[PDB]
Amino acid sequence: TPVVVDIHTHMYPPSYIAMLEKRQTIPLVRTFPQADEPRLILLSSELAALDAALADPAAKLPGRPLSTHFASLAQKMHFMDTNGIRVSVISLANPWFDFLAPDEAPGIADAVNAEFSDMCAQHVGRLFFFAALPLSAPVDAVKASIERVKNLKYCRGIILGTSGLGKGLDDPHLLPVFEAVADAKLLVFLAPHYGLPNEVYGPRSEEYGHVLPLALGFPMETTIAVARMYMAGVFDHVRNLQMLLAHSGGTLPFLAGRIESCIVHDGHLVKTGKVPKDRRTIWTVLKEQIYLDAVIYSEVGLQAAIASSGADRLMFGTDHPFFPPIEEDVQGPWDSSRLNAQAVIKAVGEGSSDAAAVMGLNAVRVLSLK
């Protein structure tokens, strides 16, 4: 029954953009008279560049262009139709709701999640979504939001950043949040955004474009976050919790053996009773509570992910619209999508049952996509 499903695909809905347009501090959106597309500005390191362009428009247009590829539902359906994708499970892109004031957050989250549901209702059977949460609000407001989003048509989970409530995912205050999501049977899609402190990339990083933070920072951030969750015993505390990890777990399948070795050889952990004989290894968690997307661009990475979680726990994604072709027509097929489909083919064989599972059937089963 080989239907193709994309579980890693993003949008900024109209209500989200309008919310950002009203903002007077980062992140925010400005509409310039020169260009046709609004400007999303996130990191303060480019607010200076805005002033330049707001004065000498000869200065480059700052930040990211809010293109049709981010904002347009019709564009999303076009991408799907021209890349052989039947179903998309869309999610709000970074920075989600993390920056909002505690009082305004639940209301804004409500309207945005409402719009995602309505967007999905436009193309019944082809669109589902992960909801984002007002994580800057009190935990009680977060729990009320979870009970709300689970009753929205076409909602199939939660997209979660690595900062959690502000102290990362090993924050003890997040445990009732994880419990609430797990009990509601919502899959948690963990996604990176904050990367690594730019200092790690050295004085020449600018010369390499965005290669270092995107290729290294994001997947390393994911690895660190899940490792922290694991070490804190989150997976043992909430046994029904299920995680989908962005970019094949970042680097987790490659480092899992090293993680295990470091645990069992850690003097502090062993001597304080933190390494009991019956402990659930990261390998066990990878097979029982973790799903991995297949956004890894090579059969090498993909094979490691499959060995770690199993072919029934890998899910095809594209990370649309983050990697458009630079020279080829953006309205034509995207090689950033094709690269991952090719990786799947090279790893498990075209037309195989494993291929059908990874390309969509795992997502249909796990997320009840009807």
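One rule holds for the numbers: they count along the sequence shown, beginning at 1.
TODO: Could you check the entry and say whether 227-235 or 188-196 has the higher mean CA B-factor?
DONE: For C-alpha atoms only, the mean B-factor is higher in 188-196.
Open item on the list: Going by the mean C-alpha B-factor recorded in the entry, which is higher: 17-25 or 349-357?
Closed with: So the stretch with the higher mean C-alpha B-factor is 17-25.
Task: Among 179, 171, 98, 266 - the residue whose C-alpha B-factor is largest in the record - done: Among 179, 171, 98, 266, the highest C-alpha B-factor in the entry belongs to 98.
Task: Residue of maximum C-alpha B factor among 210, 204, 78, 167, per deposited coordinates - done: Result of the comparison over 210, 204, 78, 167: 204.
Task: For residue 370, the third of its chain into which the C-alpha B factor falls - done: For residue 370, whose C-alpha B-factor we compare with every modelled residue in the chain, the answer is the highest third.
Task: Chain-wide C-alpha B factor ranking for residue 219, given as lowest, middle or highest third - done: Answer is lowest: the recorded C-alpha B-factor places it there.
Task: Lowest, middle or highest third - CA B-factor, residue 337 - done: Ranked within chain, residue 337 CA B lands in the middle tercile.
TODO: Ordered by C-alpha B-factor within the chain, which third holds residue 3? Give me lowest, middle or highest, please.
DONE: Tercile = highest for this residue's CA B-factor.
- [ ] Compare the C-alpha B factor of residue 313 with those of the other modelled residues in its chain, then answer lowest, middle or highest third.
- [x] Middle third of the chain for residue 313's C-alpha B-factor.
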